[PDB]
Amino acid sequence: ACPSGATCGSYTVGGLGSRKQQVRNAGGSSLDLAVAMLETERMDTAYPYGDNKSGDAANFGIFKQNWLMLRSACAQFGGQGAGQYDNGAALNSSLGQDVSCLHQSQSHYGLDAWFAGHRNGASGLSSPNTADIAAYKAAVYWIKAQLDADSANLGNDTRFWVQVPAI
Ligand SMILES: OC[C@H]1O[C@@H](O[C@H]2[C@H](O)[C@H](O)[C@H](O[C@H]3[C@H](O)[C@H](O)[C@@H](O)O[C@@H]3CO)O[C@@H]2CO)[C@@H](O)[C@@H](O)[C@@H]1O
Ligand SMILES: [Cl-]
Ligand SMILES: [Cl-]
């Protein structure tokens, strides 16, 4: 059943199973798969460039990591400024680098703080215990529970989803 009042469900996405297997082979855990699953249908980067944001808010890669976090945590982007955000687009064509950056970012911030910045950027890092951040985290963990409960879900075409507001 759906997490705390939210609307949720599942459906089939052609080719998604093979893509899940590629993400796992690139080092993605079930948590990583859950984040990717929440962010795009096909675990890809065909969403609009930067997800229509610029600077520190721009999103890159299959997890929609933001440039603030990438430049703060990932060695690939060390020392870079907000205005250099176009450099994050390297993650759009390298799954291995995308996963490496995700892991570096999660380790840099710790996972609970990582969720806050992933959801809400600099504002989230400074106010990480909001209701909206908690709802995002709950959505990810609900998806993860579906993946964890049946290993077929790690390789099949099923996408689990939870409705969260776009911000
Ligand atoms: O620090 C720069 C800027 O960040 C602002 O927060 C944004 C983040 O940087 C991300 O862009 C974040 O995107 C996530 C949201 O969950 C989206 O709904 C989703 O589509 O993509 C990602 C991953 O889930 O969005 C926030 C909000 O726009 C904000 O903190 C701002 O004050 C700050 O200057
Ligand atoms: Cl991020
Ligand atoms: Cl807070």
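Whatever order the structure lists them in is the order used to number ligands and atoms, beginning at 1. All residue numbers refer to positions in the sequence shown, counting from 1.
Of the candidates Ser127, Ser123, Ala58, it is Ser123 that places a heavy atom closest to atom 31 (C) of ligand 1.
Using a 4.5 Å heavy-atom cutoff, the side chains of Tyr49 and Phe60 are in contact. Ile62 places a side-chain heavy atom less than 4.5 Å from the side chain of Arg19.
Considering backbone and side-chain N/O atoms, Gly124 never comes within less than 3.5 Å of an N/O atom of ligand 1. At a 3.5 angstrom cut-off on N or O pairs, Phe63 does not count as close to ligand 1.
Residue-level proximity to ligand 1 for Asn59 is carried by the side chain, the only part with a heavy atom below 4.0 angstrom. Contacts between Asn120 and ligand 1, counted as non-hydrogen atom pairs separated by less than 4.0 Å, involve both the backbone and the side chain.
Within the 4.0 Å cut-off (strictly below), no protein heavy atom is located near atom 34 (O) of ligand 1.
Contact between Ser54 and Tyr85 at its shortest, heavy atoms only, is OG-OH, 3.4 Å.
Near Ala166, with a cut-off below 4.0 Å to any heavy atom, the atoms of ligand 1 are 18 (O). Remark: ligand 1 atoms within the under-4.0 Å shell around heavy atoms of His118 are 12 (C), 13 (O), 14 (C), 22 (C), 23 (C). Atoms of ligand 1 found under 4.0 Å from any heavy atom of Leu68 (numbered from 1 in listed order, with element): 1 (O). The atoms of ligand 1 that sit less than 4.0 Å from any heavy atom of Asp51 are 20 (O). Residue-ligand proximity, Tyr136 to ligand 1, at heavy-atom distances under 4.0 Å covers atoms 24 (O).
Counting heavy-atom neighbours within 6.0 Å of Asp86 CG, excluding the residue itself, gives a total above 12.
The shortest contact between atom 3 (C) of ligand 1 and any protein heavy atom is with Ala57 CB, 4.0 Å. Of the protein's non-hydrogen atoms, the one nearest atom 19 (C) of ligand 1 is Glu39 OE1, 3.9 Å.
Checked by atom type, the side-chain pair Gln104/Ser100 shows a donor-acceptor distance below 3.5 Å.
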